[PDB]
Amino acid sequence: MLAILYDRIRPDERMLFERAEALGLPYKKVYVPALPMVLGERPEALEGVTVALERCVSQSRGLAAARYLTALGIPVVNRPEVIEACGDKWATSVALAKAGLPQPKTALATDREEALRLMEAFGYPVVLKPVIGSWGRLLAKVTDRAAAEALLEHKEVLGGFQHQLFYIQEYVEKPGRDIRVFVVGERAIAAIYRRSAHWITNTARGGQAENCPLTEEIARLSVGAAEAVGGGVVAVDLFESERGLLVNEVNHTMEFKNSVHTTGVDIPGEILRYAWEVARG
């Protein structure tokens, strides 16, 4: 049986339930917060479970649960190695550099002094990001030294250990949008332009979205980024820069609720077929 692991039901999960039924896939939902995860002891909720789709909103919960399923010998999409690689921006950027994929100039400082040096060397504006976090949390477009000094002080004084690694990236001049590509295994299945006047292009900051036709370069880059972080089912974010397409981020738990209408592609169905027909083995 397919288990859909979750903590909060979003419309994306509701769509997954609907397609599983329409497809005649034997499935059940598993509420991860109530799941006892004792090593050596399969909990009641997972008896009969033959493959799992990890759909938790909390990535630390999602990752702990993915790890647990691997301990029980149940295949999980995505694998913990993929979730871990996607959940740490430095691990992602390192993986992309190794794969030889194009990305914005990217650097890591482990103290305030190095972080300032780098931002000055990159030149303003420059982007500062937390290494761990999601949904565009705590990103900063830093436009001068005093904004830089103040952000770093807030990270040091208020942030935990994680916020003491400073992820510094060239600010990329985008043409009012970015690209998100939905990758299922070795295929790019669909893509969107996310258009906004705000440098953070999400729906919530006054942004809109349209179909992004797959081009040979968009598909090649996206699938390559997906392979770089360990494969599976992922959303790849790209920027159109002056020097060509750059890979920005890879997301382990992709949202698609509006994008199935935008693209006309059966994204939840592709996800479910991948889990049932390839991950399950």
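Counting begins at 1, following the sequence as shown.
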Mean CA B-factor: is it higher for 246-254 or for 22-30?
22-30
Between 159-167 and 68-76, which has the higher average C-alpha B-factor in the PDB entry?
159-167
Looking at the C-alpha B-factor values in the deposited entry, which of 185, 104, 87, 206 comes out highest?
206
Chain-wide C-alpha B factor ranking for residue 128, given as lowest, middle or highest third
middle
Sorting the chain's modelled residues by C-alpha B-factor, tell me whether residue 241 ends up in the lowest, middle or highest third.
highest
Consider only the C-alpha atoms of the modelled residues in this chain, order them by B-factor as the entry records it, and name the third containing residue 189: lowest, middle or highest.
middle
Check where residue 9 lands among this chain's C-alpha B-factors and tell me if it's the lowest, middle or highest third.
highest
What third of the chain, by the recorded C-alpha B-factor, contains residue 15?
highest
